[PDB]
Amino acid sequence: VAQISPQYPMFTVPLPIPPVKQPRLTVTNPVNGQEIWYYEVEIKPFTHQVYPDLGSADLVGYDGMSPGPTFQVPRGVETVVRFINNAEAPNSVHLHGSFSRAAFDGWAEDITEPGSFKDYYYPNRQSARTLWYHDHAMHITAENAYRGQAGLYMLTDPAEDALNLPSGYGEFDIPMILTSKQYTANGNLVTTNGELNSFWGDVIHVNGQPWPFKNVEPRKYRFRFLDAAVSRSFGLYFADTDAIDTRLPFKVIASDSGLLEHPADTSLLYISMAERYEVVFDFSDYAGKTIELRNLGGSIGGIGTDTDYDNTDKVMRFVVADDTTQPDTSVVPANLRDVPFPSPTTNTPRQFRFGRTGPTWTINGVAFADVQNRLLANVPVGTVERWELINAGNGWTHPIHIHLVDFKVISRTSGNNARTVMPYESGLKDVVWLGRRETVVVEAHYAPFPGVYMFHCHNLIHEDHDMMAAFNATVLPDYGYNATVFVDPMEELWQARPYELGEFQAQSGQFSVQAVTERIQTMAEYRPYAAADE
């Protein structure tokens, strides 16, 4: 249907690459003698000239940018990020893809108000993967993400660097953060506030930029795709502009949780909200051509319900040089890793139905705000469970995210007989798309940390109103590892704290090297991640 946003100068602005976030300093962990990397992120309003000929757009971003700066953390290095709220609404930061303790996981009620900050202590122990950090504050997640509270967090591993995949952040390893937004006639954003169904958006962005281009060399590039949209799911394919409908083959090498066992040869990538897929596209056969990254219409080929507009088929353009500057010395190995799948289980799966109760998106008839009923599962830490995730609906689709766990997609059924499990779903994931009338069974190890965690639809409109519930990964009174201060996400030790803007800007008081050092050393003494010591 007709684009509502003003006409954009398509494929005229280069793909921006979020800058790498650098730690401010490192603190000696007194427990193990190891350096914890300490970062400061200031959440703050800013404007961006999205449309060259109109007004600017009001955004609120990590370090006053959108997307947020890209973290780059080696496995084994613990991180503390101080997220400082200097904006006009509360925040709760979730590191999506991280087995963070309950009080470091962005629990929706665990907010930071303006004039407060929270210290988030991250383990960085899991398999190399593309994580992303984004807002999760109760009822306002859609608008905080949409206005720019989302960024990339790359967990790296020398074992994976040895695979010799296309490499170099912003070189041949390119972040591809997809969003879908709507603008006013004056080039500001149309708010998601009030929207209770879905906010599709009609303007497709990569890394915060409508319909960009990038100059590429005729060689292999690694693309880290993230659907950071409020409501839009994609069916991604690449086509030569001389044959705009002919899908060019590529390889999927990674899902949410990291590398697949083997690359998946693919010409169409289904990607819904919060899913990450890492692609190697080989431009060597298309020297001198323009390749368009495109998006499947008819509501993602009948899998979705998303509205399609005049330009939502277009994502961006790659302009392929005649030659390389230097040889492509990268490969895509047939054997990427042994995926650490859970031990299969025969116990009857739990059932979760993603539907609506009046005007509210619900799980098993419950809204997250109904505290009394929203705890839908107690799972003893160490258990492997199958959950059957049911979308009986034809009029909505639900990408389901389970916090804490990596899971295996066991099965999909479709009441429109559309598809079963996809080859790029072969590995470990933390989000799975329930298309129209789809039921998916996932299997997960509920390990290794006890605590109360969320699971929900990652359609942020659905999430906010109010398609989200909790599970408790439980332990016995004798388990140890300081579980009594780490199971409740609202534990007062880990709560946000007020600050004065003067002390932040002068890096004095609570922001002095001495206060930061004392705070982190105190947090580290409780040993949040010791139970995953192997």
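Numbers follow the displayed sequence, beginning with 1.
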Take the C-alpha B-factors listed in the entry for 473-481 and for 55-63, compute each mean, and give the stretch with the larger one.
473-481
Mean CA B-factor: is it higher for 217-225 or for 339-347?
339-347
Reading the B-factor column of the entry, which of 141, 312, 257, 325 has the highest value at its C-alpha atom?
325
Tell me which of 372, 98, 307, 439 tops the list for C-alpha B factor in the record.
372
Give the position of residue 212 by CA B-factor within its chain, expressed as the lowest, middle or highest third.
highest
Taking only the Cα B-factors deposited for this chain, tell me whether residue 378 sits in the lowest, middle or highest third.
highest
Position of residue 201 among the chain's modelled residues by C-alpha B-factor, lowest, middle or highest third
lowest
Lowest, middle or highest third: where is residue 251 by C-alpha B factor in its chain?
middle
Of the three thirds of its chain by CA temperature factor, lowest, middle or highest, which one includes residue 299?
lowest
